[PDB]
Amino acid sequence: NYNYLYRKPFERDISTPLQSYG
Amino acid sequence: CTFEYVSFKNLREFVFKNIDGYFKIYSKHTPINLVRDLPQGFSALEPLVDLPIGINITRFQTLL
Ligand SMILES: *[C@@H]1O[C@H](CO)[C@@H](O[C@@H]2O[C@H](CO)[C@@H](O)[C@H](O)[C@H]2NC(C)=O)[C@H](O)[C@H]1NC(C)=O
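**Here's the deal with the overall build of chain B**
Right, on to step 1. A count of helices and strands for chain B gives zero helices and three strands.
Right, on to step 2. For chain B, the α and β elements follow one another from N to C terminus as β-β-β.
Right, on to step 3. Its C-alpha atoms put chain B at 45 × 25 × 25 Å along the principal axes.

Have a look at this one:
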């Protein structure tokens, strides 16, 4: 499903590199 | 926009640090006599804010 994807403690990073889940 | 929040006779002091995705701000406000350097003496800063930002910081810039 193209709505869901993956690429320090509680760090987040929206920069870009991404694989969608099947 | 993944987070948002709202709330030379005087010396304003601050400390900023980012640890485990939390950004901590401390401060103190005090009167002073000589402005040319930081006043010799002691008074500890106390916490204001403790934001759950989750962001990496390596640079900063002041706003005038
Ligand atoms: C926080 O940001 C800095 C950049 O300002 C990141 O540092 C770079 O990380 C990459 C990782 O591939 C390296 O190739 C660069 O050489 C690094 N640059 C410098 C100037 O060190 C840093 O990795 C980030 N921190 C975290 C914990 O993600």
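**Considerations on the interface of chain A and chain B**
Right, on to step 1. Counting residues at the interface gives four residues for chain A, matched by six residues for chain B.
Right, on to step 2. For the side of chain A that touches chain B, a count of residues per class yields two nonpolar, no polar and two charged.

**Overview of the pattern of salt bridges**
Two side chains that carry opposite charge are able to pair once their charged atoms sit near each other.
Right, on to step 1. With a shortest N-O distance of 2.8 Å, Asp 50 of chain B and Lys 24 of chain B are connected by a salt bridge. Separated by 26 residues along the polypeptide, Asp 50 of chain B in strand β3 (residues 46-51) and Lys 24 of chain B in strand β2 (residues 22-31) bring together distant segments of the chain.

**Brief notes about the environment of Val 15 of chain B**
Right, on to step 1. Structurally, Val 15 of chain B is set in strand β1 (residues 10-19).
Right, on to step 2. Every residue in contact with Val 15 of chain B, bar those within four places of it in the chain, is listed here: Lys 24, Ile 25, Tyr 26 and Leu 45 of chain B.

**A look at the sheet that holds β3 of chain B**
Residue and element names in this part refer to chain B.
Right, on to step 1. Reading across the sheet, the three strands line up as β1-β2-β3 and stay open at both edges, with antiparallel pairing between neighbours. The open sheet has two free edges, formed respectively by β1 and β3, since each of these has just one partner strand. For this sheet, the mean inter-axis angle between neighbouring strands, taken without regard to orientation, is 20°.
Right, on to step 2. By the bridge criterion, five bridges tie β2 to β3 in an arrangement that is antiparallel. Bridge pairing in β3 links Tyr 26 to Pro 47.

Scoring rules and cut-offs
- Residues numbered from 1 in each chain as written, not as in the entry; some residues may be left out.
- Chains lettered and ligands numbered in written order.
- Part of a larger assembly, values for the part shown.
- Heavy atoms only, no water.
- Residues with missing side-chain atoms left out of burial classes, pairs and counts.
- Helix = DSSP H or I, 4+ residues; strand = E, 2+ residues; numbered from the N terminus.
- Contact = heavy atoms within 4.5 Å.
- Nonpolar A, V, L, I, M, F, W, Y, C, P; charged D, E, K, R; others polar.
- Salt bridge = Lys/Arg side-chain N within 4 Å of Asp/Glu carboxyl O.
- Pairing = 2+ DSSP bridges.
- Axes fitted to C-alpha atoms, helices over the stretch in contact; angles between N-to-C directions.

Function-wise, these values are silent; they only describe arrangement.
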